[PDB]
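These notes concern the structure reproduced below.
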Amino acid sequence: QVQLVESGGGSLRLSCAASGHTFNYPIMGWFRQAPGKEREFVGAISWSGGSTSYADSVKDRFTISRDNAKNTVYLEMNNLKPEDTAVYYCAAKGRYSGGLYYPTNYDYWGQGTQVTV
Amino acid sequence: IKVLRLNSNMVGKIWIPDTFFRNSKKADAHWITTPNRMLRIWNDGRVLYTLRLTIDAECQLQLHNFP
Amino acid sequence: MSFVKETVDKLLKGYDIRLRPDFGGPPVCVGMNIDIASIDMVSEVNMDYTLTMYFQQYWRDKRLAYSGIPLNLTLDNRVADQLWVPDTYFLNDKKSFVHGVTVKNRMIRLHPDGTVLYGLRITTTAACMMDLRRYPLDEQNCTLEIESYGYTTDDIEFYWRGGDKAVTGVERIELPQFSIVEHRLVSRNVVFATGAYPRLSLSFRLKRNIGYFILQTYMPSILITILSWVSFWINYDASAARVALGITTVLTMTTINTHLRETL
Amino acid sequence: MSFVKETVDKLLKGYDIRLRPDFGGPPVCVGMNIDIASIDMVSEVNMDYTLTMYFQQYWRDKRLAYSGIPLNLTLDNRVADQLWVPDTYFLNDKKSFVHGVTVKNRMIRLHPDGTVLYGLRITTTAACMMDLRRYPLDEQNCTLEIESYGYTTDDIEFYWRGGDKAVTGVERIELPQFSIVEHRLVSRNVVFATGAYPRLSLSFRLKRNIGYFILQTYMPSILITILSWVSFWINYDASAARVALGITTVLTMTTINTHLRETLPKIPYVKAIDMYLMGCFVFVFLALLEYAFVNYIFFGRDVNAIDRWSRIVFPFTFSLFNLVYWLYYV
Ligand SMILES: *[C@@H]1O[C@H](CO)[C@@H](O[C@@H]2O[C@H](CO)[C@@H](O[C@@H]3O[C@H](CO[C@H]4O[C@H](CO[C@H]5O[C@H](CO)[C@@H](O)[C@H](O)[C@@H]5O)[C@@H](O)[C@H](O[C@H]5O[C@H](CO)[C@@H](O)[C@H](O)[C@@H]5O)[C@@H]4O)[C@@H](O)[C@H](O[C@H]4O[C@H](CO)[C@@H](O)[C@H](O)[C@@H]4O)[C@@H]3O)[C@H](O)[C@H]2NC(C)=O)[C@H](O)[C@H]1NC(C)=O
Ligand SMILES: *[C@@H]1O[C@H](CO)[C@@H](O[C@@H]2O[C@H](CO)[C@@H](O[C@@H]3O[C@H](CO[C@H]4O[C@H](CO)[C@@H](O)[C@H](O[C@H]5O[C@H](CO)[C@@H](O)[C@H](O)[C@@H]5O)[C@@H]4O)[C@@H](O)[C@H](O[C@H]4O[C@H](CO)[C@@H](O)[C@H](O)[C@@H]4O)[C@@H]3O)[C@H](O)[C@H]2NC(C)=O)[C@H](O)[C@H]1NC(C)=O
Ligand SMILES: *[C@@H]1O[C@H](CO)[C@@H](O[C@@H]2O[C@H](CO)[C@@H](O[C@@H]3O[C@H](CO)[C@@H](O)[C@H](O)[C@@H]3O)[C@H](O)[C@H]2NC(C)=O)[C@H](O)[C@H]1NC(C)=O
Ligand SMILES: *[C@@H]1O[C@H](CO)[C@@H](O[C@@H]2O[C@H](CO)[C@@H](O[C@@H]3O[C@H](CO)[C@@H](O)[C@H](O)[C@@H]3O)[C@H](O)[C@H]2NC(C)=O)[C@H](O)[C@H]1NC(C)=O
Ligand SMILES: CCCCCCCCCCCC(=O)OC[C@H](COP(=O)([O-])O)OC(=O)CCCCCCCCCCC
Ligand SMILES: CCCCCCCCCC
Ligand SMILES: CCCCCCCCCC
Ligand SMILES: CCCCCC
Ligand SMILES: CCCCCC
Ligand SMILES: CCCCCC
């Protein structure tokens with residue numbers, strides 16, 4: 001079990017903190033759900049913190065950093081857009097769970113912060 | 001077609017030489033994703049036969065002057 | 001539901017079991033996709049690493065153009081064995097295999113147009129270039145090379161299907177003592193004696209984690225060296241103490257060097 | 001007597017090995033049992049574990065239905081090559097094989113209603129990524145992931161036959177280093193671009209037994225660290241005795257660390273045992289350097305203050321170090 005707490009939210013910096021068996025769920029994925037629209041995939045980070053991945057739409061706007069010494073994931077935005085108003089979610093995924101882009105493969109969801117611009 | 005490249009499967013039908021490496025304790029050819037052997041024929045009457053091998057050939061090392 | 005069997009049989013009949021697609025035409029655009037399950041082990045002794053992946057070969061073949069269903073009728077077993085497939089092989093692998101429990105890990109999907117998708121779960125013992133002059137501070141490039149055996153660029157060409165998105169699963173890679181800094185995909189045409197052959201390459205830049213050796217190798221030696229310097233503050237006329245200290249520090253350094261050399 | 005013969009003959013005749021049961025119908029649910037014969041080894045260096053098991057699959061097939069034979073037909077194993085069976089495979093296996101002595105270890109049983117029981121004896125080396133930061137106080141989760149290769153959830157589903165009692169034999173397993181605290185069974189769907197695939201997962205929670213390390217690593221380290229403190233009670237002027245004791249304690253500490261390194265697995269990153277060993281090493285190093293301070297300060301320029309304070313501080317500080325270590329790593 002992992003409990004995910006989302007905090008933060010124009011050099012914005014959101015944070016996701018995991019408590020529990022975080023090693024069992026090494027991948028953390030950053031998603032966003034706009035009002036009305038379904039949940040979109042924004043980015044992902046692995047256990048080592050290297051070999052990241054980003055969506056095509058927001059590949060250059062966003063950055064992801066990690067620190068397992070305190071077990072946190074930081075999501076940095078350099079530039080914001082009005083269409084980005086949405087609920088930002090942090091989710092965890094098992095090692096052999098499946099593909100990154102899909103939400104059902106993610107077991108534990110954070111309540112997710114609200115960001116409006 | 002002057003050069004008929006051949007598939008790696010029916011080469012067993014065609015006679016090939018019995019060349020084996022004498023000072024080899026173990027050798028093999030990798031079989032994936034396909035066999036790593038090829039053959040070619042030339043209408044003049046010539047056969048070419050190429051394989052891939054990793055031979056662990058022996059070598060009697062005289063270690064009296066080591067290193 | 002016998003009609004699907006008859007469809008498979010009739011598309012099999014008259015199909016070139018041996019001849020490549022479009023022998024008189026341009027070469028076949030054989031795309032490649034990889035989904036790395038996990039790189040297993042990295043031997044600094046054997047100069048190799050074992051890699052487990054789902055190698056996927058995509059190509060077009062008008063001859064195998066069935067009709068009736070559009071759900072991508074996928075086959076296995078005997079008919080899947082004898083249709084023509086590329087002669088792709090890995091150049092660096094010392095030994096490799098395809099998993100065979102409970103069944104042979106293999107699949108061949110046929111699209112209605114004629115496209116063929118050939119998926120294989122493979123474990124390959126690829127070879128890696130290691131410059132250990134800077135070990136444990138080293139930084140290696142480990143490459144998997146994919147090349148055609150008999151066919152040149154005239155007959156078969158290779159490319160990455162999806163560009164940089166072709167090789168997914170890089171994040172899944174989790175090696176304990178190595179950090180995967182970057183990965184790269186390369187497509188080139190080598191020039192052998194016969195002619196221009198195609199080639200693809202998947203490279204990983206592994207960086208050793210210098211925290212274990214600092215803790216357990218460098219600092220013991222530094223502390224023993226400081227303990228050797230302790231003798232300069234002891235009295236000049238304490239021969240037993242200073243000689244024992246010096247010679248036993250030498251003994252301890254030799255012990256560290258000899259036993260540590262058995263562990264690296 | 002030949003009734004069974006021609007019965008099986010008509011059963012096999014007209015059988016399409018290509019197609020699954022109910023090809024046009026709903027997906028066929030495949031139940032699964034595992035009987036863990038043994039867990040042969042668990043490798044921290046390779047991050048995998050070998051596992052021998054009887055793996056059984058149950059599925060209902062209407063083609064293989066017979067009547068007038070009130071007995072379950074156990075057939076020769078080679079018949080498995082002639083019938084349809086699921087394309088099950090272990091997603092995280094490194095190497096696996098079905099044992100083959102005296103014959104292939106495989107069984108087909110056909111029941112009159114059409115049920116098929118398909119059993120194999122499989123030895124498989126499955127991958128178990130391990131977190132070893134708390135080693136030897138660690139706790140690992142080793143999973144076996146069972147999945148279908150080509151078929152998707154529209155074509156099959158998996159379930160654990162017998163529910164939570166689907167896996168048996170776990171209690172009898174004995175390992176030299178681990179104790180199987182718990183095992184768990186999970187059934188889920190994994191979404192890909194191709195589609196949703198069924199999956200079963202068998203998890204084991206292994207706790208590393210620490211009785212070996214207490215007597216091989218911790219008690220020797222503690223005793224050499226204590227012996228290093230004996231020099232605080234030796235006369236300040238006994239340079240030969242005190243220096244010999246200190247440097248030989250350092251040498252003994254170095255011996256224990258080297259031996260453990262050679263005996264234990266490689267694991268090239270920091271663990272708890274490394275931190276404890278280096279703490280003891282630093283303690284003996286400081287104990288030896290304390291006499292350097294004493295000798296210089298008194299000879300070079302009734303008990304001296306430094307030894308008197310060391311007698312209190314070193315046991316005290318070592319006690320706090322042990323307390324912090326044992327709290328943080330437990
Ligand atoms: C070792 O470590 C591994 C690390 O991976 C760890 O694995 C996790 O273990 C936990 C259990 O401890 C697993 O949790 C289980 O998943 C069950 C299945 O979830 C999937 O299916 C849901 C729908 O149900 C299934 O079952 C029904 C019949 O019950 C069937 O009809 C369905 O078709 C399907 O087969 C599905 O919903 C779920 O996805 C979403 O679900 C809800 C929305 O419905 C959402 O809130 C979730 O966040 C998720 O996104 C998934 O696809 C699940 O049933 C089970 O549930 C318990 O809790 C819930 C309450 O949360 C109860 O309602 C339910 O009755 C159960 O009591 C549980 O959640 C988890 O999946 C493992 N992770 C992986 C990656 O495998 C091991 O446990 C560790 N083991 C040891 C020994 O250390
Ligand atoms: C690990 O370490 C290994 C060390 O071996 C690294 O290996 C090498 O990676 C580099 C780049 O990643 C490779 O170089 C490249 O070559 C490709 C091949 O391109 C060919 O075809 C093109 C037409 O389709 C043609 O234009 C190219 O022309 C170049 O090369 C020819 C022949 O040398 C030369 O005559 C030309 O003048 C050109 O210089 C070539 O024939 C090429 O496409 C690459 O270019 C990309 O980047 C450039 C610059 O941004 C850009 O302009 C291009 O458009 C393209 O986007 C690049 O030049 C090299 O071949 C690899 N080594 C081997 C042995 O193959 C590995 O990368 C390391 N990886 C990690 C993760 O550390
Ligand atoms: C049989 O194989 C074909 C070819 O691979 C599959 O085609 C693919 O179908 C999917 C699903 O329709 C396409 O994805 C997306 O579909 C949505 C919904 O229609 C659409 O809005 C998107 O724009 C997108 O098309 C996918 O693009 C398509 N393949 C290609 C090459 O474009 C087909 O789905 C397979 N059969 C089934 C039922 O999966
Ligand atoms: C062929 O196989 C079937 C299925 O295994 C056998 O049928 C089963 O026979 C056993 C007894 O030998 C039955 O067990 C008992 O069932 C009752 C009712 O649930 C339960 O209270 C008892 O505790 C016990 O489990 C079992 O129910 C029955 N059916 C099934 C589906 O298991 C059959 O006997 C075998 N042989 C022949 C000759 O058919
Ligand atoms: C583990 C050490 C092994 C040493 C080998 C045995 C050497 C002989 C020591 C005998 C035991 C002893 O307590 O010594 C008594 C002397 C008396 O001191 P003084 O007041 O007469 O100057 O010294 C003292 O009373 C000072 C007290 C030192 C012990 C207290 C350690 C504190 C442990 C708890 C952490 C606070
Ligand atoms: C010499 C006494 C060693 C004490 C070891 C304590 C181990 C605690 C394990 C929970
Ligand atoms: C290298 C250890 C040196 C120990 C003696 C230092 C004496 C300092 C006197 C103030
Ligand atoms: C490993 C840290 C030890 C510190 C002793 C004062
Ligand atoms: C190692 C402790 C030395 C103290 C000198 C004042
Ligand atoms: C390590 C104890 C030092 C005491 C100095 C008076």
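Residue numbers start at 1 in each chain; chains themselves are named A, B, ... in the order of the structure tokens; ligands are numbered from 1 in the order shown.
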
As a list in words, please: the residues near residue 240 (chain D) (cut-off 12 Å, only C-alpha atoms, same-chain neighbours under 5 positions excluded).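 The contact residues come out as residues 231, 234, 235, 237, 238, 239, 240, 241, 242, 243, 244 and 245 of chain C; 231, 234, 235, 245, 246, 247, 248, 291 and 295 of chain D.
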
What do you get as a PyMOL selection string if you pick all residues at most 8 Å from ligand 2, counting only C-alpha atoms and all ligand atoms? chain C and resi 140-143+181-189+201-205

Under the rule of at most 8 Å, produce a per-residue listing of chain C near ligand 3: chain, number, name, the closest pair of atoms, and the distance in Å, as a Markdown table, using only C-alpha atoms and all ligand atoms.
| residue | atom | partner | partner_atom_place_in_ligand_line | distance |
| --- | --- | --- | --- | --- |
| C:70 | CA | ligand 3 | 1 (C) | 6.2 |
| C:71 | CA | ligand 3 | 36 (N) | 4.5 |
| C:72 | CA | ligand 3 | 1 (C) | 4.7 |
| C:111 | CA | ligand 3 | 2 (O) | 6.4 |

Using only C-alpha atoms, find which residues of chain A lie within 12 Å of chain D and jot them down as a PyMOL selection string. chain A and resi 21-26+47+68-69+93-107

Please, could you write that set of residues out with N, CA, C and O atoms as an mmCIF file, in the first residue's frame?
data_model
loop_
_atom_site.group_PDB
_atom_site.id
_atom_site.type_symbol
_atom_site.label_atom_id
_atom_site.label_comp_id
_atom_site.auth_asym_id
_atom_site.auth_seq_id
_atom_site.Cartn_x
_atom_site.Cartn_y
_atom_site.Cartn_z
ATOM 1 N N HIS A 21 4.928 1.117 0.842
ATOM 2 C CA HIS A 21 5.757 0.231 0.026
ATOM 3 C C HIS A 21 5.930 0.843 -1.365
ATOM 4 O O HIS A 21 5.386 0.379 -2.368
ATOM 5 N N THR A 22 6.717 1.919 -1.410
ATOM 6 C CA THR A 22 6.917 2.630 -2.667
ATOM 7 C C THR A 22 7.805 1.849 -3.628
ATOM 8 O O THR A 22 7.730 2.059 -4.844
ATOM 9 N N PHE A 23 8.633 0.938 -3.145
ATOM 10 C CA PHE A 23 9.527 0.131 -4.007
ATOM 11 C C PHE A 23 8.686 -0.814 -4.845
ATOM 12 O O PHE A 23 9.075 -1.093 -5.970
ATOM 13 N N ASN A 24 7.572 -1.300 -4.312
ATOM 14 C CA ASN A 24 6.704 -2.179 -5.086
ATOM 15 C C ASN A 24 6.052 -1.461 -6.259
ATOM 16 O O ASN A 24 5.607 -2.123 -7.201
ATOM 17 N N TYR A 25 5.985 -0.130 -6.223
ATOM 18 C CA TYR A 25 5.360 0.682 -7.267
ATOM 19 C C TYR A 25 6.373 1.727 -7.717
ATOM 20 O O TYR A 25 6.258 2.912 -7.384
ATOM 21 N N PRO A 26 7.394 1.312 -8.475
ATOM 22 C CA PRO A 26 8.502 2.239 -8.759
ATOM 23 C C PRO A 26 8.124 3.403 -9.653
ATOM 24 O O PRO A 26 8.652 4.507 -9.469
ATOM 25 N N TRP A 47 12.177 4.386 -11.104
ATOM 26 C CA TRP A 47 12.745 4.284 -9.763
ATOM 27 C C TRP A 47 14.058 5.046 -9.659
ATOM 28 O O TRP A 47 14.260 5.833 -8.727
ATOM 29 N N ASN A 68 14.832 9.934 -3.811
ATOM 30 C CA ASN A 68 14.462 8.793 -2.986
ATOM 31 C C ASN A 68 15.036 8.866 -1.578
ATOM 32 O O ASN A 68 14.638 8.064 -0.725
ATOM 33 N N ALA A 69 15.963 9.789 -1.313
ATOM 34 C CA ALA A 69 16.422 9.991 0.057
ATOM 35 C C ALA A 69 15.270 10.429 0.949
ATOM 36 O O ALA A 69 15.144 9.961 2.088
ATOM 37 N N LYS A 93 2.447 3.027 -10.191
ATOM 38 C CA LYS A 93 2.279 1.872 -11.062
ATOM 39 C C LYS A 93 3.229 0.762 -10.643
ATOM 40 O O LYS A 93 4.367 1.025 -10.248
ATOM 41 N N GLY A 94 2.757 -0.477 -10.744
ATOM 42 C CA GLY A 94 3.588 -1.624 -10.447
ATOM 43 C C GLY A 94 4.617 -1.876 -11.532
ATOM 44 O O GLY A 94 4.590 -1.292 -12.615
ATOM 45 N N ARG A 95 5.593 -2.735 -11.247
ATOM 46 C CA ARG A 95 6.726 -2.956 -12.180
ATOM 47 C C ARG A 95 6.227 -3.592 -13.458
ATOM 48 O O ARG A 95 6.536 -3.055 -14.514
ATOM 49 N N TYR A 96 5.512 -4.698 -13.371
ATOM 50 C CA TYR A 96 4.954 -5.390 -14.549
ATOM 51 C C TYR A 96 3.469 -5.063 -14.588
ATOM 52 O O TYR A 96 2.679 -5.960 -14.509
ATOM 53 N N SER A 97 3.090 -3.793 -14.526
ATOM 54 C CA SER A 97 1.673 -3.452 -14.557
ATOM 55 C C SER A 97 1.147 -3.363 -15.983
ATOM 56 O O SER A 97 0.062 -3.868 -16.279
ATOM 57 N N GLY A 98 1.882 -2.715 -16.871
ATOM 58 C CA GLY A 98 1.456 -2.588 -18.256
ATOM 59 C C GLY A 98 2.022 -1.323 -18.883
ATOM 60 O O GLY A 98 3.128 -0.901 -18.555
ATOM 61 N N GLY A 99 1.235 -0.742 -19.798
ATOM 62 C CA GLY A 99 1.661 0.451 -20.498
ATOM 63 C C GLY A 99 1.504 1.715 -19.671
ATOM 64 O O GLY A 99 0.700 1.796 -18.745
ATOM 65 N N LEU A 100 2.298 2.726 -20.032
ATOM 66 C CA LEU A 100 2.353 3.959 -19.252
ATOM 67 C C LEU A 100 1.129 4.841 -19.467
ATOM 68 O O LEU A 100 0.598 5.410 -18.508
ATOM 69 N N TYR A 101 0.669 4.969 -20.711
ATOM 70 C CA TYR A 101 -0.275 6.029 -21.052
ATOM 71 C C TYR A 101 -1.675 5.788 -20.504
ATOM 72 O O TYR A 101 -2.482 6.723 -20.490
ATOM 73 N N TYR A 102 -1.982 4.574 -20.048
ATOM 74 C CA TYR A 102 -3.352 4.211 -19.710
ATOM 75 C C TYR A 102 -3.588 4.318 -18.207
ATOM 76 O O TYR A 102 -2.689 4.005 -17.418
ATOM 77 N N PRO A 103 -4.777 4.749 -17.750
ATOM 78 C CA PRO A 103 -4.947 5.019 -16.318
ATOM 79 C C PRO A 103 -5.295 3.787 -15.499
ATOM 80 O O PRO A 103 -5.003 3.738 -14.301
ATOM 81 N N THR A 104 -5.920 2.788 -16.125
ATOM 82 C CA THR A 104 -6.377 1.628 -15.366
ATOM 83 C C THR A 104 -5.212 0.825 -14.805
ATOM 84 O O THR A 104 -5.353 0.188 -13.755
ATOM 85 N N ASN A 105 -4.060 0.840 -15.478
ATOM 86 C CA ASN A 105 -2.899 0.113 -14.982
ATOM 87 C C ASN A 105 -2.348 0.701 -13.690
ATOM 88 O O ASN A 105 -1.587 0.023 -12.993
ATOM 89 N N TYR A 106 -2.704 1.937 -13.357
ATOM 90 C CA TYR A 106 -2.215 2.589 -12.151
ATOM 91 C C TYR A 106 -3.119 2.231 -10.982
ATOM 92 O O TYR A 106 -4.339 2.401 -11.057
ATOM 93 N N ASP A 107 -2.518 1.736 -9.903
ATOM 94 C CA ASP A 107 -3.282 1.223 -8.775
ATOM 95 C C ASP A 107 -3.683 2.321 -7.799
ATOM 96 O O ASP A 107 -4.865 2.456 -7.470
#

In Å, how far is it from CA of residue 148 (chain C) to CA of residue 197 (chain C)? 6.8 Å

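Residues of protein or nucleic acid lying within 10 Å of ligand 5, counting only C-alpha atoms and all ligand atoms, are residues 223, 225, 226, 227, 228, 229, 230, 231, 232, 233, 234, 302, 303, 308, 309, 310, 311, 312, 313, 314, 315, 316, 317, 318, 319 and 320 of chain D.
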
Neighbour list for residue 49 (chain C) as number ranges by chain, cut-off 7 Å, only C-alpha atoms, skip fewer than 2 positions in-chain: C: 40-43, 51, 125-128

Residue list for chain C near chain B as a ChimeraX atom specification, 10 Å, only C-alpha atoms: /C:18-19,55,85-91,93-98,120,122,124,148-151

Mind writing the picked residues with N, CA, C and O atoms as a PDB file, in the first residue's frame?
ATOM      1  N   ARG C  18       9.884 -19.120 -50.165  1.00  0.00           N
ATOM      2  CA  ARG C  18      11.283 -18.720 -50.137  1.00  0.00           C
ATOM      3  C   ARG C  18      11.537 -17.315 -50.654  1.00  0.00           C
ATOM      4  O   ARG C  18      12.350 -16.599 -50.068  1.00  0.00           O
ATOM      5  N   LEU C  19      10.882 -16.901 -51.733  1.00  0.00           N
ATOM      6  CA  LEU C  19      11.203 -15.644 -52.393  1.00  0.00           C
ATOM      7  C   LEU C  19      10.764 -14.477 -51.519  1.00  0.00           C
ATOM      8  O   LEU C  19       9.705 -14.523 -50.887  1.00  0.00           O
ATOM      9  N   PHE C  55      10.983  -8.577 -29.159  1.00  0.00           N
ATOM     10  CA  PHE C  55      11.387  -8.086 -30.467  1.00  0.00           C
ATOM     11  C   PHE C  55      10.236  -8.230 -31.454  1.00  0.00           C
ATOM     12  O   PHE C  55       9.656  -9.312 -31.592  1.00  0.00           O
ATOM     13  N   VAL C  85      10.006 -15.038 -43.519  1.00  0.00           N
ATOM     14  CA  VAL C  85      10.291 -13.962 -42.570  1.00  0.00           C
ATOM     15  C   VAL C  85      11.714 -13.480 -42.800  1.00  0.00           C
ATOM     16  O   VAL C  85      12.536 -14.198 -43.386  1.00  0.00           O
ATOM     17  N   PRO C  86      12.039 -12.262 -42.356  1.00  0.00           N
ATOM     18  CA  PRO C  86      13.396 -11.754 -42.577  1.00  0.00           C
ATOM     19  C   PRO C  86      14.432 -12.600 -41.857  1.00  0.00           C
ATOM     20  O   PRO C  86      14.128 -13.359 -40.936  1.00  0.00           O
ATOM     21  N   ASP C  87      15.681 -12.457 -42.303  1.00  0.00           N
ATOM     22  CA  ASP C  87      16.812 -13.187 -41.742  1.00  0.00           C
ATOM     23  C   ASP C  87      17.522 -12.400 -40.652  1.00  0.00           C
ATOM     24  O   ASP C  87      18.746 -12.513 -40.503  1.00  0.00           O
ATOM     25  N   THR C  88      16.782 -11.596 -39.894  1.00  0.00           N
ATOM     26  CA  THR C  88      17.381 -10.721 -38.897  1.00  0.00           C
ATOM     27  C   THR C  88      18.093 -11.524 -37.816  1.00  0.00           C
ATOM     28  O   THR C  88      17.624 -12.582 -37.389  1.00  0.00           O
ATOM     29  N   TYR C  89      19.239 -11.009 -37.380  1.00  0.00           N
ATOM     30  CA  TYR C  89      20.005 -11.620 -36.306  1.00  0.00           C
ATOM     31  C   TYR C  89      20.780 -10.528 -35.588  1.00  0.00           C
ATOM     32  O   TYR C  89      21.023  -9.451 -36.137  1.00  0.00           O
ATOM     33  N   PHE C  90      21.168 -10.821 -34.351  1.00  0.00           N
ATOM     34  CA  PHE C  90      21.940  -9.891 -33.537  1.00  0.00           C
ATOM     35  C   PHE C  90      23.419 -10.215 -33.676  1.00  0.00           C
ATOM     36  O   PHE C  90      23.825 -11.373 -33.530  1.00  0.00           O
ATOM     37  N   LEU C  91      24.220  -9.195 -33.975  1.00  0.00           N
ATOM     38  CA  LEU C  91      25.625  -9.425 -34.287  1.00  0.00           C
ATOM     39  C   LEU C  91      26.459  -9.679 -33.036  1.00  0.00           C
ATOM     40  O   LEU C  91      27.399 -10.481 -33.071  1.00  0.00           O
ATOM     41  N   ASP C  93      25.580 -10.951 -30.020  1.00  0.00           N
ATOM     42  CA  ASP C  93      25.153 -11.910 -29.012  1.00  0.00           C
ATOM     43  C   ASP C  93      26.074 -13.122 -28.981  1.00  0.00           C
ATOM     44  O   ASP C  93      26.364 -13.735 -30.013  1.00  0.00           O
ATOM     45  N   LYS C  94      26.571 -13.440 -27.786  1.00  0.00           N
ATOM     46  CA  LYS C  94      27.339 -14.664 -27.601  1.00  0.00           C
ATOM     47  C   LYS C  94      26.427 -15.881 -27.590  1.00  0.00           C
ATOM     48  O   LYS C  94      26.746 -16.907 -28.202  1.00  0.00           O
ATOM     49  N   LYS C  95      25.292 -15.783 -26.904  1.00  0.00           N
ATOM     50  CA  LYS C  95      24.304 -16.848 -26.879  1.00  0.00           C
ATOM     51  C   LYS C  95      22.942 -16.227 -26.618  1.00  0.00           C
ATOM     52  O   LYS C  95      22.824 -15.245 -25.882  1.00  0.00           O
ATOM     53  N   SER C  96      21.915 -16.810 -27.229  1.00  0.00           N
ATOM     54  CA  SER C  96      20.568 -16.268 -27.143  1.00  0.00           C
ATOM     55  C   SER C  96      19.569 -17.404 -27.281  1.00  0.00           C
ATOM     56  O   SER C  96      19.898 -18.489 -27.765  1.00  0.00           O
ATOM     57  N   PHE C  97      18.338 -17.144 -26.849  1.00  0.00           N
ATOM     58  CA  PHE C  97      17.280 -18.131 -27.011  1.00  0.00           C
ATOM     59  C   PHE C  97      15.920 -17.450 -26.948  1.00  0.00           C
ATOM     60  O   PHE C  97      15.798 -16.268 -26.611  1.00  0.00           O
ATOM     61  N   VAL C  98      14.900 -18.222 -27.317  1.00  0.00           N
ATOM     62  CA  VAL C  98      13.501 -17.817 -27.259  1.00  0.00           C
ATOM     63  C   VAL C  98      12.807 -18.714 -26.246  1.00  0.00           C
ATOM     64  O   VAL C  98      12.927 -19.943 -26.317  1.00  0.00           O
ATOM     65  N   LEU C 120       8.454 -11.872 -30.919  1.00  0.00           N
ATOM     66  CA  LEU C 120       9.241 -12.921 -30.285  1.00  0.00           C
ATOM     67  C   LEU C 120       9.772 -12.424 -28.951  1.00  0.00           C
ATOM     68  O   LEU C 120      10.427 -11.381 -28.898  1.00  0.00           O
ATOM     69  N   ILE C 122      12.557 -12.761 -26.488  1.00  0.00           N
ATOM     70  CA  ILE C 122      13.919 -13.227 -26.712  1.00  0.00           C
ATOM     71  C   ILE C 122      14.779 -12.827 -25.523  1.00  0.00           C
ATOM     72  O   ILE C 122      14.588 -11.764 -24.921  1.00  0.00           O
ATOM     73  N   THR C 124      18.857 -12.434 -25.030  1.00  0.00           N
ATOM     74  CA  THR C 124      20.106 -12.363 -25.781  1.00  0.00           C
ATOM     75  C   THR C 124      21.246 -11.943 -24.867  1.00  0.00           C
ATOM     76  O   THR C 124      21.109 -10.994 -24.093  1.00  0.00           O
ATOM     77  N   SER C 148      21.090  -7.566 -41.067  1.00  0.00           N
ATOM     78  CA  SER C 148      20.675  -8.616 -41.985  1.00  0.00           C
ATOM     79  C   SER C 148      21.864  -9.493 -42.346  1.00  0.00           C
ATOM     80  O   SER C 148      22.983  -9.005 -42.519  1.00  0.00           O
ATOM     81  N   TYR C 149      21.617 -10.794 -42.476  1.00  0.00           N
ATOM     82  CA  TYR C 149      22.706 -11.736 -42.691  1.00  0.00           C
ATOM     83  C   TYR C 149      23.094 -11.858 -44.162  1.00  0.00           C
ATOM     84  O   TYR C 149      24.275 -11.731 -44.499  1.00  0.00           O
ATOM     85  N   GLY C 150      22.122 -12.093 -45.042  1.00  0.00           N
ATOM     86  CA  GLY C 150      22.395 -12.346 -46.446  1.00  0.00           C
ATOM     87  C   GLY C 150      21.982 -11.230 -47.383  1.00  0.00           C
ATOM     88  O   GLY C 150      22.650 -10.982 -48.391  1.00  0.00           O
ATOM     89  N   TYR C 151      20.887 -10.552 -47.064  1.00  0.00           N
ATOM     90  CA  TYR C 151      20.309  -9.556 -47.955  1.00  0.00           C
ATOM     91  C   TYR C 151      20.953  -8.195 -47.736  1.00  0.00           C
ATOM     92  O   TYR C 151      21.180  -7.775 -46.598  1.00  0.00           O
TER      93      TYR C 151
END

Would you mind telling me which residue in C:79, C:130, C:45, C:28 lies nearest to chain D when using only C-alpha atoms?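 Under the stated criterion, the closest residue is C:79.
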
Got a sec to check which residues lie within 10 Å of ligand 7, using only C-alpha atoms and all ligand atoms, and send them as a VMD selection string? (chain C and resid 223 225 to 234) or (chain D and resid 286 288 to 297 300 to 301)

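What chain A places within 8 Å of chain C, counting only C-alpha atoms, is residues 45, 46, 47, 48, 50, 51, 52, 53 and 95 of chain A.
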
Could you list, as a PyMOL selection string, the residues of chain D having an atom within 8 Å of chain C when counting only C-alpha atoms? chain D and resi 46+87-90+94-98+149-150+239-241+243-244+247-248+251+254-255+258-259+261-262+266-270+274+278+285+288-289+292+295-296+299-300

I'd like the neighbourhood of residue 12 (chain C) as number ranges by chain, where a residue qualifies if any of its atoms comes within 12 Å (using only C-alpha atoms), though same-chain residues fewer than 2 positions away should be ignored. C: 5-10, 14-17, 63-66, 78-84
